[PDB]
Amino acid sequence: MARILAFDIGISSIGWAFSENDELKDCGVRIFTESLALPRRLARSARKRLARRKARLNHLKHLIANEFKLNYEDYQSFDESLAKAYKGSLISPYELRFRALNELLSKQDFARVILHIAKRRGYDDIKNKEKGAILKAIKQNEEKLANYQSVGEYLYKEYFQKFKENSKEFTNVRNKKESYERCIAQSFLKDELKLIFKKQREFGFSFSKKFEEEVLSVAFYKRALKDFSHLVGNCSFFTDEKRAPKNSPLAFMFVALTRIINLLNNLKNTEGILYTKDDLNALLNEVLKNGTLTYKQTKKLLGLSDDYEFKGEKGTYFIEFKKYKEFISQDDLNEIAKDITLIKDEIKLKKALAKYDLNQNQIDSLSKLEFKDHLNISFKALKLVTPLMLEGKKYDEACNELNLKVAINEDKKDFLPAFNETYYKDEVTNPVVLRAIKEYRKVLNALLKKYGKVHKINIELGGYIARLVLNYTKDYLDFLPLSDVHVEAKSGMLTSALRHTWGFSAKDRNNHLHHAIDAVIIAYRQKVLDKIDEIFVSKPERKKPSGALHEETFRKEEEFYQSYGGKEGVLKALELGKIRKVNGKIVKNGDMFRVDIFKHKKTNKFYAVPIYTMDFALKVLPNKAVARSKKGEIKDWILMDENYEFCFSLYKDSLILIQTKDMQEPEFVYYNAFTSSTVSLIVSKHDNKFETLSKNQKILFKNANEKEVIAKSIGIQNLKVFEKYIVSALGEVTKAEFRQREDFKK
């Protein structure tokens, strides 16, 4: 009973095979198919950036209304129309900002000047390698800016309502169409608003000193990085302790001792030269004095001029060490470096440093240092290993003397636990990798439930993901005793050579079944192909209701006049959900994650209610089935009243059994989409294999070819059979028991 489970873990597929006594017992393929979190992050950053601009502008509008005795409501929009302070014939802010250098402004003029500069305050050139387009433009604009008093005068005189080359068109002041030519560093716009205040002061404009200070601080405030201390990794030994910052004295001591001790021992392995703690203390004393230890010194402190494993001038290069000591308890010192590493907000860093006995000159000095990066071990481990290494002992000798062992799991389980509950979790942030590991666990645990414990697991695929899955499996899974190494990896170059040897080289390269023949290879002829023909490829139904609520292109309602039937058709489309109106903007739907299938109780005809991401957001469950329309109008949809009974809900990759009147037998297919314009289905064959197509399947998949087996535009209304099924992760097909229609809450 040599029981083996083999897995071909792909980017979007899981092939698995089960062998026992050199006999293939079961086969299957699990198809779970740019970055996942990226669009969510971009939309998140954009929301926060604009929400903060809005509140920043509202804050200035409050200050302007309070200082100038103006109306705050006159700077907000009402009835989706222009704010009252901006109505009528309007002098541009570019002209107002030029006048401010020469004459007194009206307080209505100064109000619009402040708000115009603050809305687009320019790029904060903090850093100042290859320079991108925006960095090129701020430098090119900086050189032109030296001939002008302010940014306002520069834009007003060089571009505002000035005609381009041999044209009757105004050139652009704002940037246009993928060009960044007008980008100007934010510090210059702060200089302009400071100059405008001073010049208006000379011209007789009266305002409290607190007003200008508040306006400047509010308009140009920028938050530091949000607290990220939770994202720091943990120690290899003490998993409950955070990693130590690299720029702490202990870490400097540990790293310096690591290079020095290892170099002295390296010379023993190479030249048999035995050095002492004194020869160690000499090299360490040179590090502790300047944080530096060039190779030229070290060789002179112990021999000739030699080339041992080299690169550059410095052997030890603690760049930030000298700055740390120049800016100034051992535990408080390491705790200070941690605060400098983590608290990027200088004011919050000033407050954190203030809890320690240090003068104001030291606190301001320590607040300016930039620390980053961490070791892989904690301060707790450094407090133990470093004293022994100070005595000249290597890292491994110190760990063995202290009985320090790397943390590893001891309680192995029958089933593989959630990857989130292992100490390998913090190593993986990529949702793509987390996805593949999840589907590996689900398939493995399903096999364990079906057949029981196994002796061995073989794995093959970025090959580090295989080493990760392997270490994760042998650290946490309990295997059958093979005696009185249970997890192994198969060489990819070897498995590819077996594919050519066993004739499988080009068997089913175009369909989903070839992931299983690879797993059959990982575990180790015509009997093998017999098992492959029995596979039903498993795909999970996609029930996620979240996503973009609508397309991102805002459209005019006139775009739909021809297709929907003018204004009357647009209002009808809005009432049916064929289009949405968000913030007064017409937008198309997002994903149709669900469709609810109904059946007329007396005619037996089927009807479909499409359900979109916006509908879930509204928490309103639609109840009207699509009806086909004439060419240029929208027919009434059909209310699902007591004449229609809910059958089931379909999601992408739901398994269904369908049969048309022209089909002699029903067929299991995967539901892919419901097309609302034609009230029809798109379905696909489980394995996407064109060569095994039966006579009955050719009726349904009349347009199939060697690359895809997909049937589009299949009408649902007169289907003879339309039933929902459920696929397990191993390819088992079960009839879907009736479940009542799932509602939206609140």
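Counting begins at 1, following the sequence as shown.
Enquirer: Quick check on the record: how many residues from the deposited sequence are absent from the model between residue 651 and residue 652 (none, 1 to 3, 4 to 9, 10 or more)?
Expert: Count of unmodelled residues in between: none.
Enquirer: Note how many residues of the deposited chain are left out of the model between residue 33 and residue 34; the options are none, 1 to 3, 4 to 9, and 10 or more.
Expert: Unmodelled stretch: 4 to 9 residues.
Enquirer: Going by the mean C-alpha B-factor recorded in the entry, which is higher: 226-234 or 210-218?
Expert: Looking at the record's C-alpha B-factors, the answer is 210-218.
Enquirer: Name the higher of the two by mean Cα B-factor in the PDB entry, 345-353 versus 624-632.
Expert: That would be 345-353.
Enquirer: Looking at 332, 552, 401, 178, which has the highest CA B-factor as recorded?
Expert: Reading the PDB entry, the winner on C-alpha B-factor is 332.
Enquirer: Quick one: which of 545, 122, 565, 315 has the biggest Cα B-factor according to the entry?
Expert: Among 545, 122, 565, 315, the highest C-alpha B-factor in the entry belongs to 315.
Enquirer: Using the B-factor values recorded in the entry, state whether the Cα atom of residue 739 falls in the lowest, middle or highest third among the modelled residues of its chain.
Expert: As the PDB entry reports it, the C-alpha B-factor of residue 739 lands in the middle third of its chain.
Enquirer: Determine, from the deposited record, the chain-internal third of the Cα B-factor for residue 254: lowest, middle or highest.
Expert: For residue 254, the deposited C-alpha B-factor lands in the middle third.
Enquirer: Taking the entry's C-alpha B-factors for this chain, is residue 456 in the lowest, middle or highest third?
Expert: Its C-alpha B-factor, which the entry lists for residue 456, ranks in the highest third among residues of this chain.
Enquirer: Divide the modelled residues of the chain into thirds by Cα B-factor and specify which third, lowest, middle or highest, holds residue 186.
Expert: Lowest third - that is where residue 186 ends up once the chain's C-alpha B-factors are sorted.
Enquirer: By the recorded C-alpha temperature factor, relative to the other modelled residues in its chain, which third is residue 291 in?
Expert: As the PDB entry reports it, the C-alpha B-factor of residue 291 lands in the highest third of its chain.
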